[PDB]
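>>> Experimental coordinates follow, after the sequence.
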Amino acid sequence: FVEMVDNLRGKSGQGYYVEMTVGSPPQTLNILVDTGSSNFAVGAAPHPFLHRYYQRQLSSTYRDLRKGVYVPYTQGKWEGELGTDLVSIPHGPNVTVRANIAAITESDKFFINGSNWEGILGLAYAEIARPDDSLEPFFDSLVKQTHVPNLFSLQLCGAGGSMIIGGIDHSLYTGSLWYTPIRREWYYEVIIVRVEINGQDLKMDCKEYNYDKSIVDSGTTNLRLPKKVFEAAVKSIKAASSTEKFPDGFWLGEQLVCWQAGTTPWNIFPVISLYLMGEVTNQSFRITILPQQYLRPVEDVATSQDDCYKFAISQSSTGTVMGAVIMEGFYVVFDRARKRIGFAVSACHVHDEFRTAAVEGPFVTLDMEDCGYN
Ligand SMILES: COc1cncc(-c2cccc(CNc3cccnc3N)c2)c1
C-alpha cells in the first residue's frame, strides 16, 4: 500500500484520477475515479480536449463485444463500443485483469476542457451499469480474477490523493474508522439519520435527508442536499454567520466572498455533523464537517489577489450526495465484501485554528430504517 499511496492526481473541481494501462502493448491513460457510476469508459477517439485516448486496434488483446452503449445525462452524453481488454493500474496491485471497456467514440458535454483525464472508472455496482447490469463492472472483474480483497479506500486531499486497492492504510487516517451500511448495492447508498449545525439539531424528519437516496460520490464536487434540507441548512449557516452579510448569489454558488488574505473569519462558520446509520441496531455515529470543506477557495479568478471562497453546498435533484468536498475531510473505506462504508478523519484534512474534525460514536438513534425513503 506504500506503492499505492499518492496514486491520485487532481482536485474536487475536476475530479481525481488514477493512472491505468489498457491493452497490449500497454496504453497509459488517466481515469477519473468515480464511485457514482459503474462503467469503465475511455475516450477512444481524438476529441480535442483529450491528451491521450485508447486505440483499440493497436491492442492485440482487445476483443470487440460487437455491442454499443449509450449513456445520457440531463444536458449531454457519451456513446461507444463495448469490448474487453487487459487492464492494469501501474500504482495499484500487481495484477492484470480482463475487464469490460467502453471505447467512447462520441460524446457530448462529457470531457472537461483542460482536464488531464481521458476516461472514467465507474466503481459502483452492476445494477446501474449500462447498457444493463450484465456488463460486469471493473472492480467486480478485478476481485473475481485475482486474490485482491473486495474493498478499496480513498483519501482525497487537495485544498492529490490515494486509492488503496485491496485494503486499508492506517497512516492515511487518524482516530477510529466507523462503518455505515451500504443500503443497496447500486450507488454506494447510505442513510443519514440526523443532521446538526454547531451541535444544533436541524430538526427535520430524517427521511428528508435521504429523499430519495443518499450516496457517496467521488464524481461530484459538492455536498448536495435535497431542496428542503438545503434551505434549512443555509438558513442555519446564515444565522451562525449573521455578523457578516453575503450576496444571495453566494449561497447559490454564483458569487464569491472575499477577505483580506489571512483574515478569513472561520469561527463564524459552523461545523456540520451528519449522523450515519451504524452497524448495530439503534446505533449510529457522526461525521463532522468543517467550514474549510464547504468554503472552497477560488484561486486566480478574473484577476483576483485576496482570499476568496465559493459555497460548495448545493441543492440536490436526487437526494444527499456526499461529494469530494465531504470525502476530502475523511478516509473513506468502500468495504464491498461486507456491504459497508467506513469513515475516519483524513490524515490530509485541512485543519482549523481551534476546531478539529471527527468521526465518532456510538449514538443511540431509534427507528433508523424509517430514514430510508421507499
Ligand atoms: C468531482 O468529480 C467530477 C467533477 N466534474 C465532473 C465529473 C464528471 C464528468 C463527466 C462525467 C461524470 C460522470 N459521473 C457523475 C456525473 C454526475 C454526478 N455524479 C457522477 N458520479 C463526472 C466528475
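Now that the structure is in, tell me what you want to look at. Numbering: from 1, shown residues only.

>>> From now on I want contacts and neighbour counts done on CA atoms only, so please keep to that.
Will do.

>>> Those residues of the stretch 51-200 of the chain touching the ligand, which are they?
110, 111 (CA under 6 Å from any ligand atom).

>>> Need the residue closest to the centroid of this structure.
Nearest to the geometric centre of the chain sits residue 218, at 1.4 Å (CA atoms, centre = their mean).

>>> Measure how buried the residue in the stretch 101-250 of the chain positioned nearest to the ligand is and give me the count.
Per CA to the nearest ligand atom, residue 219 is where the stretch 101-250 of the chain lies closest to the ligand, at 3.4 Å. The tally of other residues near residue 219 (other CA atoms under 10 Å) stands at 24.

>>> Surely it is in a strand?
No. Secondary structure assignment places residue 219 outside any strand; it is coil (DSSP: H, G, I helix; E, B strand; the rest coil).

>>> which residues touch the residue nearest to the centre of the chain?
Residue 218 sits next to 15, 16, 33, 34, 35, 36, 322, 323, 324, 327 when contact means CA atoms under 8 Å, 6 or more residues apart in numbering.

>>> Rebuild those as a markdown table, extending it with secondary structure.
Below are the contacts of residue 218 laid out as a markdown table (three-state DSSP):
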| residue | secondary structure |
| --- | --- |
| 15 | strand |
| 16 | strand |
| 33 | strand |
| 34 | strand |
| 35 | coil |
| 36 | coil |
| 322 | strand |
| 323 | coil |
| 324 | helix |
| 327 | helix |
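
>>> Check those residues one by one and keep those near the ligand.
Taking CA under 6 Å from any ligand atom as the test, the ligand is in contact with 15, 34, 36, 324 out of those.

>>> Any quick ChimeraX command for the buried ones out of those?
Buried residues among these (16 or more other CA atoms under 10 Å), as a ChimeraX selection:
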select :15,34,36,324
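
>>> Would you confirm that the residue of the stretch 101-250 of the chain closest to the ligand contacts residue 36?
Yes. Using CA atoms under 8 Å, residue 219 makes contact with residue 36 at a distance of 6.0 Å.

>>> so where do the strands sit in the stretch 101-250 of the chain?
For the stretch 101-250 of the chain, strands defined by DSSP state E, counting those that start in this stretch occupy the ranges 119-122, 152-156, 161-165, 173-181, 189-190, 192-197, 200-201, 214-216, 223-226.
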